[PDB]
Each structure stands twice: as C-alpha cells, then as structure tokens.
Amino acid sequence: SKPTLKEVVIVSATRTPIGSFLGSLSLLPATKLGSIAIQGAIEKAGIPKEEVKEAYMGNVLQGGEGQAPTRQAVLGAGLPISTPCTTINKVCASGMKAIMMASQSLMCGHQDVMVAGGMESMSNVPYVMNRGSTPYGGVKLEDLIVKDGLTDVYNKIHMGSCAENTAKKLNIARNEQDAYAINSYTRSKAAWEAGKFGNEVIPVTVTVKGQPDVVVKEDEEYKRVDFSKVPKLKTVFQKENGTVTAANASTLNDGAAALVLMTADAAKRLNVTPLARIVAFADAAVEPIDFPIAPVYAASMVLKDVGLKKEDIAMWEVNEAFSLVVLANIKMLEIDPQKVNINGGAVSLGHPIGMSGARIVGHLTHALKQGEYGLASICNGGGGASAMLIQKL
C-alpha cells in the first residue's frame, strides 16, 4: 500500500552570517559562502568529510558563478572529488527544496548521508546583455536580480507589487506591516544578544591584500534600522495606496546555510546524536501573483499528511519575504503570532534568496525543545511555496 522508507534525521545545521547588499560579505562569491557553510556543518556533525555521499544546494542567481556552483562549493569545502553535486532552483524556496530532495534520496536508500542547503551572493549577481547586434540608439543592460530574481514573468511586475495585491484582498494595512517589521528587528536583536545563534552561525574572516582582517560574526542587516523613520517611509512598489516599504520588506543579501542529513541507521553507525527528524514536506502552487498565500496551503498539506493540527506546532518559521506575507499567513491559518518567527526573520536578518529556505529549517532544528514539532514554510516567485515539518530529538 504505502512505501516503507528510511528515516531521515538532521545531524547539524550551520550558516554563515547574512551580509547586507554590497556589505560585509560582498567580496565572497556565493560558492565560497557555500564552502564555508558546508565545512562548518560537517565539523558540527562530528563526521568524516568522506562520509558525505552527495550534495544539493539551492542557488537562484547562478549567472556568472562559473560551472556547477554546488560542485564549486563542495570541492571548495575540501570534500572528495567523488561527491556528486546538483544545484537547485525553486526561486526563494530553493534552500528548502534542496533539503526535501535530499530527504527523498535518503528515504529511497539511494544515499545514507548527504549535505543540503542554499547559497546566494546578491552583491555579486551580474548584469546581462543580449547576444546579437547592438540596436541603434543604445540598450539598457538588465540587472539579473531584477530580471531573474524579482520580476513576475506573467504579470510583469515586482514581487513587491504582488505583495501589494495580497495586502488589498486581505485588508492588511501599512501600520500592521510596520508593526510586524519593527517586531522582527526587535526579535532579531533580542536573539543575537541572548546568544541564540551560538551553534548555528559560524564566523567568516574577510581577508584583503594589504588592509586588516574583518571578522564577521553576526548578521549585518538587523542593525540597519531606524524605528522612528519606519512609519515615515514612502511605499517603494506602489505609490497609490501602497503598504510595502524598504523597512517592512526583506532586503537583498549574501549568505549560505548547510545541513548534514543522514538516515537513522547512518547516525547510529557513525555514532552521532541527531538533532531532529524530518517528518514530512510539501510543495503547493497558486496563481503567480498570489504567492504570498501559497505557504498557507503548503503548511496545511504537511499537517493533513501527518494528521496533526496547527496547535501541535510549537514553533513556526514563515519566511519574512515581506511583513505582508507573514501577516497573510497568520491571518489565514489563525495561529498564535507569538509562535511565529520568534527569533526574527528575513525582514530584519535579510534574504539571500537561495539560502533562506535552508536557514529557517536550520533554525527550527536548534531552537526547538526535545519532542516539539516545528513547521517552516517559504513562498516563491511564480506562485509557489514549500513547507517542512520537523520534530526535535
């Protein structure tokens, strides 16, 4: 009737700090950030590097990164030349989809240990020029962040304008979004001060010929705020009756996250103690413009599949693509906002698009208390979302 599958466990979840656009980590390619997160995750797992059998990494903006970004990140982390690698693109959901797909390989018994995560260096995303002849009168070379990353293909508008569309329908006003945003910055600061990212974040040292070293040991974005200015900001994506601003939207960022995943049997063989069990996951899709609400349906799928209720979830991570998205999800699901993005999120910590889906699973892994269920969901351009249920061990 129903397939009998291997049990999948998370043994470590590690990330770089998230750097701001053109900021602290901007000199480092996405693949280098990948290598740093992958090397960190293997160290934290306490396993040999040779034990990693295969690697999948989310990475949305691959233009100009060179051949096989995941291979670059893996070989860059000192893993064996024998390690197969695949780079995954589900827009903002990439980092999560990588984990899901790796989980599926493990469930099939096709590998026993894998690394999965995401990486993005938005600072280093290039501009493009069409192949062919230059038209008389000039041409604008397009920005790949905008063209590939942030523009809905079908509506020919920015992700922000799609968010405005949801704001309208669900009556989610500027003040509520601004309040959510301030709250995210508040929670991010609290968490960092309380040392809530001790085992999760590893520092990166930026070495430049001549000048002194810079050690980046925390997320850069959450300190770039002025609470007084927040309600004074102009709406960036919609002038007429807008709600979304630079403050209450996610930002553009650099970072990478990696998880060591293995079967239950593998963890025993290697004598390592798992952090959490990956229970179920799902993808959902809606009209491209309606992506902010796709996480609702994805989350519900996962709950229905396992036969749990929203109340059974101790901790939710709903990616803060826009403050609007989180509020849209809180509204439709009817869940306790005190249980949502408790230690901050993409609005204040930043959103390296290919890594965020991995980061939020990594964070549940650490923050959950033994036995608790954690649910992470993440929307994506095109009308998609991914969700994942884990249980702490």
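From 1 onward, residues are counted along the sequence shown. What we label the rigid core is the largest C-alpha set whose atoms superpose within 1.5 Å from one form to the other.
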Item to check | RMS Cα shift after core superposition in 6 other deposited structures of this protein, winner of 274 to 282 and 131 to 139 | outcome: 131 to 139
Checklist entry - According to the deposited model, is the average Cα temperature factor higher in 73 to 81 or in 111 to 119? => result 73 to 81
Checklist entry - When the C-alpha temperature factors are averaged for each of 232 to 240 and 272 to 280, which stretch ends up with the higher value in the entry? => result 232 to 240
Checklist entry - When you compare the CA B-factors of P48, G64, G354, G362 as listed in the entry, which one comes out on top? => result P48
Next on the checklist: By the CA temperature factor listed in this entry, which of these ranks top: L308, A285, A93, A256?
Outcome noted: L308
Checklist outcome for this item: Among the modelled residues of its chain, the C-alpha B-factor of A98 falls in the third labelled lowest
Checklist outcome for this item: Of the three thirds of Cα B-factor ranks in this chain, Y180 occupies the middle
Checklist outcome for this item: On the chain's distribution of Cα B-factors, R131 falls within the third called middle
Checklist entry - By its CA B factor, does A387 count among the lowest, middle or highest third of the modelled residues in the chain? => result lowest
Next on the checklist: Ranking every modelled residue in this chain by its Cα temperature factor as given in the entry, which third contains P337?
Outcome noted: highest
